[PDB]
Amino acid sequence: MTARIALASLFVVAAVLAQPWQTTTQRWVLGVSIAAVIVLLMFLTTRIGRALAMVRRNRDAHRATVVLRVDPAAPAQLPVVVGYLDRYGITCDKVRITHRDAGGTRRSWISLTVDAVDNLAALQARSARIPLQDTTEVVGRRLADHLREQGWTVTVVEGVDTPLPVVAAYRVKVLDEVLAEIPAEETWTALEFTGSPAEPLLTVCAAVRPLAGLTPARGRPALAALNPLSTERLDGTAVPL
Amino acid sequence: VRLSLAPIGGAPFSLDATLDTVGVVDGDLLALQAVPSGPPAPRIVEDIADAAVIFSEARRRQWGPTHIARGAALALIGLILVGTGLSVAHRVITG
Amino acid sequence: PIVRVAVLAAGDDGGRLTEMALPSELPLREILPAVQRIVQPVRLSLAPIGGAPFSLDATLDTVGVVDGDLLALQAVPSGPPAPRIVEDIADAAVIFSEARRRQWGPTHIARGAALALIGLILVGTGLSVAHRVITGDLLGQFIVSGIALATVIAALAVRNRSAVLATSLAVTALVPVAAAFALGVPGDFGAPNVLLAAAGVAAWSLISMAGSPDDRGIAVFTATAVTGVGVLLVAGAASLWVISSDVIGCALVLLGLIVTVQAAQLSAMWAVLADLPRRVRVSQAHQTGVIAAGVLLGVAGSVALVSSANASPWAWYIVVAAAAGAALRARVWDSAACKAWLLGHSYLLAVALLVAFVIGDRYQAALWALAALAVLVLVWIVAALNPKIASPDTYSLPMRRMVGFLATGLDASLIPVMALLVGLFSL
């Protein structure tokens, strides 16, 4: 963002010194300057590079993810999952909850992912090699048994689901009327928390086959990793709920 | 609600079996907390191999107000050290 | 009133890690017997990792357990250490002195020899160059190259025999090497000589960074390499095309901030998960050095713009702006050494001006330069006493935000100013 402002300031100071704005010796460059500041002003070049990379697209092991299926899901079991962001010295990166609303039923999923660089110390203790997958399995079983403790009947899953077949990308402004609103023959909604459960942050995206306050994604990568099985941080600015 | 007895740190008792079948000896500690509507929590254990490395990160706190102190003095020391030299190297020519 | 905690018991073999949930509001002496049976002549107790054992009378509430912390299973602290007692003052000197690691041993000699050597090379080089710069006679360049070549070999000769002396001998090899090339076609300490040298260390460094079998000596190589490369171009273009009365630094401070602001990507440019710990530090070492290249560059020309007298009022703001920008660009850097480097940019530059005036016979800005250090030292102290102005948590969010537009509003807002000093658009 700073490159844009610095180059803009460059050209404009370059043009303002055109007091002899004549002979097309100092007016010509003046025209080109005032012209470029317009095209430099940052929602147009972005789709330029986007389409370029998109048409180019027409041809790790630091992150493991565990995903939980619970049938009778509800916001009554929200604190139990926002707690598991940071406890037992394992610092889950982000916790994600997804529903498919194709037909009438909302097929629920919890998505838990653990990096390896910021909790390298703990994983280094379980063995000299790094038991990432096994450890993540263990925390997942812990969530399973604590959640069944409450009463909901949960199931570990690995062939989880698909919001993009393995098609409309929208990320919302922040609040509740919408998540009660969400159409078409298929609905994929995805909630995800992160950021220090001392006070958490979250981003939300949804996919179906502008309703109230949605926004499309020109340029899809954002749908490619909308499935829970994905190990990615769900691009988008965070909100303190 | 459903309150029942439980040995500490374990799942509560089964309501229709006597304590003498679960193995209650005279002198245990039993808790009147609710009943699990689900699993009895077999408390999955994972093995540890190098438990020393867990503490060594606990002591190794972050940047914190500790690395400020080293920067504090190591700044102050150099300030004095140039302070004298400047004045007397001012004098190594004139004064 | 149960709380879910995870204890850690590792005394027998490796360790056993389970978790549980436990009834609060009790003396821990009651619940200790239970955990002793799950995970498993002394007494035991519970303690947070990084702290001291908890009393057997307090509760898991009044001792401050949050639901989900990781407790350890340590022992009750201690007893007395049972002090020895020896009456004959003679043996009171031999007995109570062993606890020193005093033995001479054939390893205090290993560190002995190498430390003697590194001194021999350094003053061996400096003598000849002093035999070469204050007077003139090339016999030094014979001796310079002689020792310079020799150390070149030795580092390559113990690469797989010492594994610590090697990397140490490499870093000192570049002092005479940079001295050697700097002596071809002398001049008056010369215009294009500084071109020959920046090739040398940038050569010698790059050969050895990849030559390092491990850590402990990587960061010093990386930083001076980019520093050699960086100065090479702005010296080369300065050798033929441009006369550049003053705008060598205008290239530098530009190049400087460019390297600092674009730092994370450059580190990545040098890039079973078992060897993750070895890869993660080297990555960090790369970043911590690369940033030093920035600061050292950032001043590198900045010490030359405001250096002489008769400078520009735009030149004075051309350096100050940079400093603050870098100083406020630290809050984005996580590690410690990363922070300190850019943080003390002003400090390093402050003394540069002082010597400049004392060696330039000014005795005017010199005193001021010394008054421009205290102001920087004074703020360091008040940053240390109370962790309040150092901690951005007791702030306001738009304040946390305003400093943002404050940051990017100035670190880049000097390229228009840059066009003024040189007058790039006065043509």
# chains A, B, ... in the order shown; residues from 1 in each chain; ligands from 1
>>> interface_residues(of="chain B", to="chain A", cutoff="6 Å", atoms="only C-alpha atoms", output="PyMOL selection string")
chain B and resi 36-39+48-51
>>> write_last_selection(atoms="N, CA and C atoms", output="mmCIF file, in the first residue's frame")
data_model
loop_
_atom_site.group_PDB
_atom_site.id
_atom_site.type_symbol
_atom_site.label_atom_id
_atom_site.label_comp_id
_atom_site.auth_asym_id
_atom_site.auth_seq_id
_atom_site.Cartn_x
_atom_site.Cartn_y
_atom_site.Cartn_z
ATOM 1 N N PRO B 36 -22.503 -38.720 33.713
ATOM 2 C CA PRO B 36 -22.213 -38.536 32.285
ATOM 3 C C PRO B 36 -23.324 -39.094 31.411
ATOM 4 N N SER B 37 -23.859 -38.237 30.546
ATOM 5 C CA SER B 37 -24.805 -38.650 29.514
ATOM 6 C C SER B 37 -24.003 -38.953 28.256
ATOM 7 N N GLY B 38 -23.098 -39.923 28.364
ATOM 8 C CA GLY B 38 -22.171 -40.217 27.299
ATOM 9 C C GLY B 38 -21.089 -41.196 27.707
ATOM 10 N N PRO B 39 -19.834 -40.834 27.448
ATOM 11 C CA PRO B 39 -18.727 -41.773 27.632
ATOM 12 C C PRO B 39 -18.126 -41.676 29.024
ATOM 13 N N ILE B 48 5.735 -39.530 26.788
ATOM 14 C CA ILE B 48 6.679 -38.430 26.671
ATOM 15 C C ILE B 48 8.080 -39.010 26.769
ATOM 16 N N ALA B 49 9.041 -38.356 26.113
ATOM 17 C CA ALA B 49 10.386 -38.899 26.004
ATOM 18 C C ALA B 49 11.495 -37.995 26.522
ATOM 19 N N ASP B 50 11.337 -36.677 26.469
ATOM 20 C CA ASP B 50 12.414 -35.735 26.767
ATOM 21 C C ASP B 50 11.906 -34.605 27.655
ATOM 22 N N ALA B 51 11.206 -34.964 28.732
ATOM 23 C CA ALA B 51 10.454 -33.990 29.515
ATOM 24 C C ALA B 51 11.274 -32.779 29.937
#
>>> select_by_dssp(residues="stretch 96-341 of chain C", states="alpha helix (DSSP H)", output="PyMOL selection string")
chain C and resi 110-133+139-157+165-181+193-209+218-240+247-261+264-269+276-305+313-327+336-341
>>> closest_residue(among="B:58, B:92, B:34, B:53", to="chain C", atoms="only C-alpha atoms")
B:58
>>> residues_around(residues="stretch 380-393 of chain C", least_positions_apart="3", cutoff="7 Å", atoms="only C-alpha atoms", output="VMD selection string")
(chain B and resid 65 68 to 69 72) or (chain C and resid 376 to 377)
>>> atom_distance(atom1="atom CA of residue C:298", atom2="atom CA of residue C:175")
22.4 Å
>>> closest_residue(among="B:94, B:66, B:84, B:4", to="residue B:33", atoms="only C-alpha atoms")
B:4
>>> interface_residues(of="chain A", to="chain C", cutoff="7 Å", atoms="only C-alpha atoms", output="list in words")
residues 2, 6, 9, 10, 13, 14, 87, 88, 89, 129 and 130 of chain A
